[PDB]
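So I pulled this structure from the PDB, and the sequence comes with it:
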Amino acid sequence: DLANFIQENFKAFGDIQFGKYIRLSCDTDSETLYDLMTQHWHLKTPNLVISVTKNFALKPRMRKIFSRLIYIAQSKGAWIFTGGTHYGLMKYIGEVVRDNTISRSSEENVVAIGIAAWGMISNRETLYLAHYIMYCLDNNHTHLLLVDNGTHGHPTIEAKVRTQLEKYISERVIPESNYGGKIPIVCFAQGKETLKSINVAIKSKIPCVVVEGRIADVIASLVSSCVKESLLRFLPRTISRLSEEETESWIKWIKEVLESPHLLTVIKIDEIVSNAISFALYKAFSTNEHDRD
Amino acid sequence: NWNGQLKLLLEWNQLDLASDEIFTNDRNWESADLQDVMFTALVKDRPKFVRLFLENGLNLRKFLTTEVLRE
């Protein structure tokens, strides 16, 4: 009923089993999207995490860190945000989610809620409940909202609008939320795409967390000649591909990232993840000075 | 030719150095690349190297074909 109604407005979105996904072109109202997600199903968000990762090899500890992160998200009740399902770190997150549900079940659940574009994915049957068979997708994620309107070769088109939604939810006010009406929001960095999304995050006044071989490692090292030295140390091959002027653009982006120290937070080499997240949140709550009184 | 550089370090039982030099993020590898190295790794009783190969995306059930078991 309501679903068939929505298709007309968008100008099709069933469930795949072998969750529910929806297709939207672009410029959709963020308020309408959140309102629809709440109206149809789901519930309010005590705390939601966002992560930006593009293949990467997992390390013996990184798995522990992210498993702990997902366990905390389970404990509190949270939404996670991921981009697409290109296998790698995000696929590992999906696997951890799937393991957690069967491990515990009982009360509550966690949502991955991944976001990506129409074009990058392979063709699939269009509606009611079309089946799907495996540029590629992951089975673990519960729902993925579709973006990028009409494209076939456009890369990373959705990456813009995703950040937009990341900004909206914070603005929404809920009385007696335990955070004075402002739902918390935290960014976790695992490369270049994460760098740009960090600048967007900071411009949106969102605290971010960075692990103690990519831009994130350069940020940790930081803790002109400075930028170039850290860039050369972090990744020999990556810098060579980028042109000389692209390095000036990188200088500008790194300056933007370091502009405000209070919002950003850094981990240091079992509860380190929880402590870092809480610390990040606390710094934002302290900057305003309205919480001080 | 990172494969030969890896073979030499596989001969002598050296893990800590090998991880760093041959298993950084810049270069990539797949199971098809590592099958032969895995075979010898098993034969010569090099356990920690089997751990290192399994961590970095080696599908073990796919590697064990009946011919390899016969061998």
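Arrived safely. Numbering: from 1, shown residues only, chains lettered A, B, ... in the order given.

Helices of the stretch 151-293 of chain A, residue ranges please.
Per DSSP state H, counting those that start in this stretch, the stretch 151-293 of chain A carries helices over the ranges A:159-171, A:192-203, A:215-222, A:225-234, A:236-241, A:244-259, A:272-287.

Identify all contacting residues around the fourth one.
Where contact means Cβ atoms under 8 Å, 6 or more residues apart in numbering or on different chains, the residues beyond helix A:225-234 that reach it are A:213-215, A:217-218, A:221-222, A:239, A:247, A:250-251, A:254-255. For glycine as for every other residue, the C-beta is placed from the backbone atoms N, C-alpha and C.

Report the buried residues of it.
Within helix A:225-234, the residues scored as buried using 16 or more other Cβ atoms under 10 Å in any protein chain shown are A:227, A:230-231, A:234.

what do you get for the fifth one?
Residues of helix A:236-241 classed as buried under the neighbour-count rule (16+ other Cβ under 10 Å) are residue A:238.

ok, back up a step: can you tell me which of the buried residues of helix A:225-234 is closest to residue A:67?
residue A:234 (26.0 Å; Cβ to Cβ).

Need the helices of the stretch 151-293 of chain A in TSV (columns: distance to residue A:59).
Formatted as TSV, the helices of the stretch 151-293 of chain A follow (distance: least, Cβ to Cβ, whole Å):
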stretch	distance to residue A:59
helix A:159-171	26
helix A:192-203	17
helix A:215-222	12
helix A:225-234	16
helix A:236-241	19
helix A:244-259	24
helix A:272-287	15
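
what's the closest of these to residue A:92?
Here helix A:272-287 is closest among the helices of the stretch 151-293 of chain A (Cβ to Cβ), at 15.2 Å.

and the closest one, what does it pack onto?
Judged by 3 or more Cβ pairs under 8 Å, 6 or more residues apart in numbering or on different chains; DSSP states H and E, the packing partners of helix A:272-287 are helix A:62-76, strand A:185-189, strand A:208-210, strand A:265-266.

thinking again about what came up before, among the contacts of helix A:225-234, who's most crowded?
residue A:215 (26 neighbours; other Cβ atoms under 10 Å in any protein chain shown).

Name the nearest residue to residue A:3, sequence neighbours excluded.
residue A:13 (6.4 Å; Cβ to Cβ, 6 or more residues apart in numbering or on different chains).

Past the lengthiest helix in chain B, which element shows up next along the chain?
In chain B, assigned by DSSP state H, the helix with the most residues is helix B:31-43. Using DSSP states H and E, the helix or strand that follows helix B:31-43 in sequence is helix B:47-55.

quick revisit: for residue A:61, which of the helices of the stretch 151-293 of chain A is the nearest?
Among the helices of the stretch 151-293 of chain A, if distance is taken as Cβ to Cβ, the winner is helix A:272-287, at 10.2 Å.
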